[PDB]
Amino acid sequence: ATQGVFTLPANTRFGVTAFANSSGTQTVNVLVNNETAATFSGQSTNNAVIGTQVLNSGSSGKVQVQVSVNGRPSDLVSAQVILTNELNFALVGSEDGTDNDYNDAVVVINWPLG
């Protein structure tokens, strides 16, 4: 099934943050209504924050996360969790190789902000 796509409420500020856990340099592309609205790039095997940004979901609310490593797309896993009917997390894991730890780039989207 499709992974890394989330429908947010329209015109809502959300946070996006990416962590790296891989010897390969990770490139995280964040799309809002199918246009790139943030890209993060970095390399770390100790969970370093390679990027964090406040974006707006815009009129469509469509947010998509992609991860690639040296040009090659990573396999993604994702889910959205909602706590006390109010606090939202959209979670993404990715695997760039074979060991299947799916932490190579870890992306966390959270809203509402403020």
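Start at 1 with the first residue shown and count on from there.
As the entry records it, the average C-alpha temperature factor is higher for 45-53, out of 45-53 and 75-83. Comparing 85-93 with 66-74, the higher mean C-alpha B-factor in the PDB entry belongs to 66-74. As recorded in the PDB entry, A1 shows the highest C-alpha B-factor of the residues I109, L8, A1, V5. When all modelled residues of the chain are sorted by CA temperature factor, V32 is found within the middle third. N100: CA B factor in the lowest third of modelled residues in this chain (values from the PDB entry).
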